[PDB]
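As they're listed, the protein sequences go chains A and D.
The first sequence maps to residues 78 to 111, 121 to 484, 491 to 995, 1001 to 1107 in the authors' numbering.
If you're matching positions, the second sequence starts at 42 in the authors' numbering and goes up one per residue.
Written below as structure tokens is the structure these notes are about.
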Amino acid sequence: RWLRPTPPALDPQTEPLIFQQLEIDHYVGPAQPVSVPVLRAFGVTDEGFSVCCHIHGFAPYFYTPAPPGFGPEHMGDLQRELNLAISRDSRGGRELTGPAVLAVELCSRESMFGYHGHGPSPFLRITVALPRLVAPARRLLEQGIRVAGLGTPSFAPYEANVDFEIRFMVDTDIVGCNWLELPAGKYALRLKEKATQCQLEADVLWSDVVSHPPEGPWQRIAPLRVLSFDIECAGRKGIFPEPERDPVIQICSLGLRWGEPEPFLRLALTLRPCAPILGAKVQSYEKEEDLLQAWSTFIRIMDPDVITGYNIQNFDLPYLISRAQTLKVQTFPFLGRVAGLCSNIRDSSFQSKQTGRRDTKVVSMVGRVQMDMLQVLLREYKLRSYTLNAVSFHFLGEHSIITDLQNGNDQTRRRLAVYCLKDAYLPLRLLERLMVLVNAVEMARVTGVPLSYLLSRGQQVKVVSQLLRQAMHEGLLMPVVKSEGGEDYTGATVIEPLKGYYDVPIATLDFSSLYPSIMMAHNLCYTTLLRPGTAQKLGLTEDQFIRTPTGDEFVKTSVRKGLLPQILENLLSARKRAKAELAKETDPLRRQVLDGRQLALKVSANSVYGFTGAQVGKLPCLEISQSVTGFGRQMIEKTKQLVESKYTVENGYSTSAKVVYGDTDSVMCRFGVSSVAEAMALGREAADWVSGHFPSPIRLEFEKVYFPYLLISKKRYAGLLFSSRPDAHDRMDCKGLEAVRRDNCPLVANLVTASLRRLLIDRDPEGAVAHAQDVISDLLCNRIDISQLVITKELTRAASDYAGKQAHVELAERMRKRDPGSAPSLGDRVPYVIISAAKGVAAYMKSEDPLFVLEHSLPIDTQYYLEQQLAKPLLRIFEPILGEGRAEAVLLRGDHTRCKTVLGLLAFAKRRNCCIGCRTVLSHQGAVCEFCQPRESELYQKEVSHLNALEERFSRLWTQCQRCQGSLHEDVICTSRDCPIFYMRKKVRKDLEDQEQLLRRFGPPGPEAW
Amino acid sequence: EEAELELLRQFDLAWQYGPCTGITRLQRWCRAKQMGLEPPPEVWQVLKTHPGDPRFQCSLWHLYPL
DNA sequence: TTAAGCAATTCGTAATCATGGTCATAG
DNA sequence: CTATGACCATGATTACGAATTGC
Ligand SMILES: Cc1cn([C@H]2C[C@H](O)[C@@H](COP(=O)(O)OP(=O)(O)OP(=O)(O)O)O2)c(=O)[nH]c1=O
Ligand code: SF4
Ligand SMILES: [Zn+2]
């Protein structure tokens, strides 16, 4: 629809180009100037034109040591290494490499690993023509033949085999989303006859570019173009949609320029004639071929930078591609920027111990960038459900019906289009509100990796990139060590608690950035690790090296500076600047998203240390990891000895303090005073006192005062939070307990939060007992919503769940009769509830889908929920304040309340009536019993105040759907399984149905036909 | 039949007769006739040549827990 | 060709081991 | 018609894997 502005008057012999790049690309090419791999770079100007840039003359290489013989110091054998062996038996050694310009170069460099000296050594630099020839050469120089005139006897290892685009960016100092400049007279626009579809197309040599480091005025962001879209399909009853039978009926698109607070384009393409919508364009077609063609032409002409959505990768784009393949439309799958290239669906998997394992499809688009917001949420955030409704409530606050809204009239289709446009608008709001893209651009500028790697890869490519960028400045080469496999080492210490309930303030002192500052201030690195022999026979121990608790020796900083101290120092300053910016916000959600930014930079700095100990990885050095955790243990026991030893009764202070807890970075010391001001004063004195026994940047700091405190086990405690004194209290802290885990029911987590509220804030155990009694009583009397009963568990890799029978695996692998095409896959979460049956050996035989027990009305196992979900967390919490008469107190508060329980063949009812007063079954329909008659006005009085309260609950719920829907004049259709509103509006109809019929036992209060 | 099942499905979604997914089909036909909006005399003449069948004398979504 | 670490607590299922109610037949 | 231990049946203890959170 709307086009980019027109590039007026660029003349290359006088004017430069200044543009900001988004994507890079590799390309094997003809039309050479009179190398074959030429590079592509796509970007945008400071105004809004689209620029493609072709870069020429770059070829991959690596290094290898020159062996000590008469060969690789003699030029005849250098060019003979270039020369091929013409023998017949060298077909395995000069064919797959063959005649390639590997070349011969002599340079003086060093290896990374260890500390041998300040002296370098000769290495050979071996270029290669193509990037897809470094793999057979590696298969032909190490295990292949290297008998060539006795120049290089086998073997010499390969060093610095890295990726092509990463080697380019390490070479020329270009980072992700960078400002690039072509100077005047260096670039030719009309040298390249147009093979792509951008406006400006330059054709430059790889030594002409100028990279501007992002800082000062070069810290801006260009006006990018962002698209979001959503589709609709018309299915059958029960049957989930399939790309060979179910047509695509509506596509809806939103588009904006980045930096402007509203969109500028709003389009909706439908398949029958429709009705107009104010604010958007509407076009209609009588066939699906025209609809797919129209969308492909719009996406070529608008030419967006970024494409977003929600689950567009695994549902939307391959559905469109398969549907275009079935209907024989040849011109659809050309969505990219290159004019002669069609797109294809390709599977990929990712797995780690940090995010688990996920299997995704990818679809190829060259030039353009994809950001599915579902994958960003699934990677960064740990939530309970990952539906669009659930995250839109958590962050903002909100198939067979559609097939008859489309086979109807045109106002129904207009309603369908407004629904689809709201769906297509929600991920834009989430992208701009959560500060996604600004943090992605800052991550790519601090680490130096492209913008497509932050959605596909892990935390290794970034630390490899930063280490290579720091390695070119002193002249070192990296080695290739690979081992399967070493052993584990010893991790962190935890101090033994003094368990219980405390009501005198405890002050928390901890170290900030512990492991990066250990690695900084004792000069630990790959490049300064001293081997056990190379100290000998030199004897200089003092101020030349140090010794660690695991046992290594490491050189002092008066000889070398390591590489990991400098990378860590850069990351630490970036996080410090993020916190300094975060210290001046007032909005809460903005404060937590800047907390998210600084959390991400601290995770990056700690993954630098975790790179060293990963024995399945790219470069492990477990000696360093052992030295780190040994220093950690030594320093925390130093802290505990010092804190408990100095402030004592004989040293003039009030009370000798005693440490109650410590977990590898923090110390919770109990001081003795019950005044929060005096505890805060002594705690600040203690933190600042103890910090002066270390190198720098090692510092201990005061952080909080808990008052009161509740310690249950290791990694399980709770307390109340004081930041200042006249800032009285902030909130609770629930570390580890049953209120922050997601393996349980909402009922149990709510009861634990409410019990700690009534028990820690108001200090009333009697209201707490009465609360827990009411929860258990309302459980047994069958008046608890089934939202509070839903359990969710993650469906991981299928073989570990083959090894032992679980409940959620049994529910998932059991398909439905309605739909063998929508079922949980690997990596998602399965929700279930437990119904009552008589198979007590197996709780995996009583699990059912919440919607299935909704539509089929199966009962609930109240004894399962009473003794297996609720009871034992309560016995954790309520015991330490009292004795074991407290277990008997809650099991007796159960006992007064356990005696109140509410209740094929089911069709053959008799429906025996019963007396309302004393429950005696009898013949006739009158409500009262003959012995309980003198008391009937009171029994009518009783239960009409129950009908009165059910009437008041019907009306508050069924008009809330009208305000959440938007309209007051049309029907509600919302079966949202993540809304408590749904199925709480279903049971009050039946409560009212039952309670209205019980009062017609009594006669009518008058006539009605008068 | 199979042509009489689309006439009723077309009467059920025309907005000028009312917002009807809680009641029967013949009750909505007589409600519009009282106010006399314009009920057509064909959605009546198939609700008379049938008995109490639940796929003629019921709204489209008379399943569906809404 | 691809993947940052360790410590600790909780719950469910099958298997191992203890103990009583019938029973079957020798006295 | 009546003792005795062999036989079936039901409940208490231990072991280990899976899931998830704290540093
Ligand atoms: C959270 C976390 C901690 N650690 C280690 C490194 C840390 O130095 C040590 C302390 O944990 P943390 O206190 O969680 O982190 P931190 O001390 O480095 O930073 P800050 O005080 O500002 O919050 O625990 C990891 O190795 N990986 C991790 O993911
Ligand atoms: S059931 Fe009602 S309140 Fe709940 S999400 Fe649906 S429309 Fe909104
Ligand atoms: Zn009675």
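We treat Cβ as the ideally placed atom computed from N, Cα and C, and that holds for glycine.
Alpha-carbon spacing of residue i relative to residue j, whole angstroms
i, j, result
"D389(A)", "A320(A)", "29 Å"
"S917(A)", "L887(A)", "7 Å"
"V555(A)", "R639(A)", "27 Å"
"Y593(A)", "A846(A)", "18 Å"
"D819(A)", "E251(A)", "53 Å"
"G230(A)", "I610(A)", "45 Å"
"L421(A)", "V452(A)", "9 Å"
"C360(A)", "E100(A)", "39 Å"
"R725(A)", "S696(A)", "23 Å"
"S605(A)", "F646(A)", "22 Å"
"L664(A)", "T620(A)", "22 Å"
"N662(A)", "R669(A)", "11 Å"
"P1101(A)", "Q75(D)", "30 Å"
"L469(A)", "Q707(A)", "31 Å"
"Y701(A)", "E634(A)", "27 Å"
"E940(A)", "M907(A)", "11 Å"
"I659(A)", "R561(A)", "10 Å"
Within-9 Å CB hit, residue i to chain D
i, result
"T495(A)", "no"
"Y701(A)", "no"
"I1070(A)", "yes"
"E1067(A)", "yes"
"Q503(A)", "yes"
"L881(A)", "no"
"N499(A)", "yes"
"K514(A)", "no"
Interface flag, residue i vs chain A, CB-CB below 9 Å
i, result
"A55(D)", "yes"
"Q51(D)", "yes"
"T62(D)", "yes"
"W70(D)", "no"
"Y58(D)", "no"
"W102(D)", "yes"
"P92(D)", "no"
"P80(D)", "no"
"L48(D)", "no"
"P106(D)", "yes"
Exposure of residue i, with buried meaning 16 or more beta-carbon neighbours within 10 Å
i, result
"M772(A)", "buried"
"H565(A)", "exposed"
"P81(D)", "exposed"
"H614(A)", "buried"
"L967(A)", "exposed"
"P419(A)", "buried"
"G157(A)", "buried"
"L406(A)", "buried"
"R432(A)", "exposed"
"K938(A)", "buried"
"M612(A)", "buried"
Every unbroken beta strand (DSSP E) inside the segment 588-671 of chain A [3 residues or more] = Within the segment 588-671 of chain A, the runs of beta strand (DSSP E) that reach at least 3 residues and sit entirely inside it are, in chain order, 592-594, 598-603, 637-639 and 645-647.
Where are the beta strand (DSSP E) runs, 3 residues long or more, that stay fully inside the segment 243-289 of chain A, in chain order?
-> 265-268
Short-range partners of chain D found in the segment 946-957 of chain A, where Cβ spacing is below 8 Å = Correct list: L946 and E947.
Interfacial residues, the segment 1080-1103 of chain A to chain D, with Cβ spacing under 8 Å | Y1080 and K1083
Hey, which unbroken runs of the beta strand (DSSP E) at 3 residues or more fall wholly within the segment 696-776 of chain A?
-> 750-754 and 758-762
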